[PDB]
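The chain below stands alone and is given in structure tokens; this is the form deposited in one PDB entry.
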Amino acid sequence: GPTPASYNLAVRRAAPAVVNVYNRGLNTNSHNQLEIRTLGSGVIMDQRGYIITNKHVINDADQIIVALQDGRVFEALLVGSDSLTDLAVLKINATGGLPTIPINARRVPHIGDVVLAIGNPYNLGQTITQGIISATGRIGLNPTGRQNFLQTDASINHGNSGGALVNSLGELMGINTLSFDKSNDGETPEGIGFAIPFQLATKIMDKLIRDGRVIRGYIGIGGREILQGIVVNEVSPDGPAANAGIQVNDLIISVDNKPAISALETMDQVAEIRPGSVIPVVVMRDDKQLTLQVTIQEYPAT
């Protein structure tokens, strides 16, 4: 007869590649027994054993365990992690083949697309929740970051971090990262969750495998939006910015001969500038225009 409305197809395509991640730590105050400190999920990306998860899932782990839905359990090597995207890459050494998440480089995330969140909430076991893409390009709950979140109302709980957000074809849309739970009038928020889009996720992963960390250019300032531009609100004391003489209240209009149109696109711009470069930034103090040379440094670590 007729068939029930179902997203089972997407589950069967994508869910085998979403793993349970366990962060175990040594009980140093006892006798170094390994105890769970936190848990989450991960996504197997290719057949070489590379897995994307969140950094906060695996931070300071003495043992990272990766458990597949088909029963296989692995000790994982931390390939690297990036604190500003809250992404981290794990490697497992599986010789018999792996389930990999479906990826469509051509698919554009559209607001209103049906998405399925696949994770291990509260260690209940793999769980599928359904919603839509609620928004794109969100900064989440802290106002400064390069996370460029997809927003979704598929139910995300503790344990979903690092798992897959997937459309109805099984295609990876994002890595579920964070759920909203603070409020002004003390209400508890509902159906507001964020996931790093897969395009940026794969980009961070390839950098993590290549270099072991995410190398970014960095000037050493703190700016703000709107004579449109960026205003220096503070400068790090040994920032390249500082050594180059940029000061506070200075209106930045150009950075490496690209208009300082918005802090987010300028923040992306400087990050890809290889450290050690010398770029011009056009500045303004008291309506008088200056062009100063800044020697790009690498963004400090965490």
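In case it trips you up, residue 1 is the first one in the sequence shown, and so on. Rigid core: the largest C-alpha set superposing within 1.5 Å between the two forms.
Beyond the structure shown, there is the form deposited in another entry, which is absent from this document and is the topic of what follows.
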Item to check | Only residue that shifts (Cα, 2 Å or more, rigid core superposed) between the shown form and the other one, among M45, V66, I58, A241 | outcome: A241
Checklist entry - Once everything's superposed on the core, is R146 shifted 2 Å or more at the Cα between the shown form and the other one? => result yes
Next on the checklist: After superposing the rigid core, is the C-alpha displacement of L9 2 Å or more between the shown form and the other one?
Outcome noted: no
